[PDB]
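Okay, structure first, notes after.
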Amino acid sequence: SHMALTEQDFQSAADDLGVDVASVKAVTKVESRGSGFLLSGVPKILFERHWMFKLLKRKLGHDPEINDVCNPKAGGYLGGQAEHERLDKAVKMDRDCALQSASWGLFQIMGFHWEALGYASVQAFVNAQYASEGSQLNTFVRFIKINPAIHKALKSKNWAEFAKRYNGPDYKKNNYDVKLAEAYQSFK
């Protein structure tokens, strides 16, 4: 109920980035999934078995065993609470790699970014996904900071450049450059 973002959270992030409050609301409206939590109260995730293969391959120094939650071929997605059963299975192979191989919260940030984002450990990154949407928004803010090119675009309010660098070269297919601008106006 209170787990959802508030003006207090939007402003903390805006101040932390050093940008307009409406700019943070804009990207949150488009780049987020509305809620960063499922019904049970656990974070919204999507498990990437090909990242589980890559990360566990780096750790061991050889190919791991290929199953339905560890495979160099991307896909096999279930969805919602079902994704947490895939994570639980992957945790029994290797906890750190599994947790790192899922995208977490509002902005679906991959858990292997934990170190670049400046968290004490993998477990610190996860606890921040369980805490609140405000913490999940802090994670997003941290991702924007470590991408100066994307951070500058947000401050200069380019949208076209921000959408290109964040969403990908094929951003105009979903009208991200436009949606961001129209969203920005809806709050401004």
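Here the Cβ is made from the backbone with ideal geometry for all residues, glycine too, and neighbour counts use every protein chain on show. Taken together, the values in this text are just the output of simple stated rules run on the coordinates, not laboratory data.
Pick out, from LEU5, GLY168, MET93, the residue whose Cα sits farthest towards the positive end of the charge dipole of the chain, with +1 on the Cβ of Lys and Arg and -1 on the Cβ of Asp and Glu.
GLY168
Treating only the Cβ of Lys, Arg, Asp and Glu as charged (+1, +1, -1, -1), what charge dipole size does region 78-178 show about its Cα centre? Round to the nearest 20 debye.
Values: 13 positive and 10 negative charges, 90 e Å.
So the dipole magnitude of region 78-178 works out to roughly 440 debye.
I'm checking a number: the convex hull volume of the Cα atoms of the chain, normalised per residue, in Å³. What is it? Please list the in-between numbers first.
Values: hull volume 23.8 nm³, N = 188.
Cα convex hull per residue, to the nearest whole number: 126 Å³.
Order by neighbour count: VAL42, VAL126, fewest other Cβ atoms within 10 Å first, most last.
If I rank by nearby Cβ atoms, fewest first, I get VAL42, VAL126.
With contacts defined as alpha carbon pairs under 8 Å and 6 or more residues apart, what's the relative contact order of region 96-188 in percent? Write down the numbers at each step before the final one.
Values: 86 pairs, mean separation 15.5, N = 93.
In percent, rounded to a whole number, it is 17.
With no solvent and one equal point scatterer placed on each C-alpha of region 45-131, evaluate the Debye formula and give log10 I(q)/I(0) for q = 0.13, 0.26 Å⁻¹, two decimals.
Once normalised to I(0) and log-transformed, intensities are -0.37, -1.39.
Calculate one ³J(HN,Hα) per residue across region 74-80 by plugging θ = phi - 60° into the Karplus curve 6.51 cos²θ - 1.76 cosθ + 1.60, and present them in order as whole Hz with x for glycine and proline.
Using θ = phi - 60°, the values come out as 5, x, x, 5, 9, x, x Hz.
Can you pull out the trypsin sites (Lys or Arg not before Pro) in region 37-78 that DSSP calls coil and that have at most 15 other Cβ atoms within 10 Å? Mind dumping the intermediate values first?
Values: sites: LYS44, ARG49, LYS54, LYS57, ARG58, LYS59, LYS73; in loops: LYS44, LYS73.
Counting only loop positions with at most 15 other Cβ atoms within 10 Å, the trypsin sites (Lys or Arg not before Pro) in region 37-78 are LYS73.
Over region 36-184, what is the relative contact order in whole percent, taking alpha-carbon pairs under 8 Å and six or more residues apart?
Values: 201 pairs, mean separation 27.1, N = 149.
After rounding, I find 18 percent.
Give me the percent relative contact order of region 45-131, please, defined on Cα pairs under 8 angstrom at least 6 residues apart.
On the way: 122 pairs, mean separation 25.2, N = 87.
This gives 29 percent for region 45-131.
How about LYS155: which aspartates and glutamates have a C-alpha closer than 16 Å to its C-alpha, ignoring those fewer than 8 places off in the same chain?
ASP15, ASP16, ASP20, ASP177
So, with +1 on the Cβ of K and R and -1 on the Cβ of D and E, and no other charges, what is the size of the charge dipole of region 45-131 about its Cα centre, to the nearest 20 debye? Intermediate values should be presented prior to the final figure.
Numbers: 10 positive and 10 negative charges, 34 e Å.
Charge dipole, region 45-131, about its Cα centre: 160 debye, nearest 20.
Could you estimate the translational diffusion coefficient of region 1-69 from the Stokes-Einstein equation, with Rh from the Kirkwood formula over C-alpha pairs, at 25 °C and 0.890 mPa s, in whole µm²/s?
Values: Rh = 15.3 Å.
Once the numbers are plugged in, D ends up at 160 µm²/s.
Any chance you could give the angle, 0 to 90 degrees and rounded to 10, that helix 176-187 forms with the longest Cα principal axis of the chain?
Orientation of helix 176-187: about 50 degrees from the principal axis.
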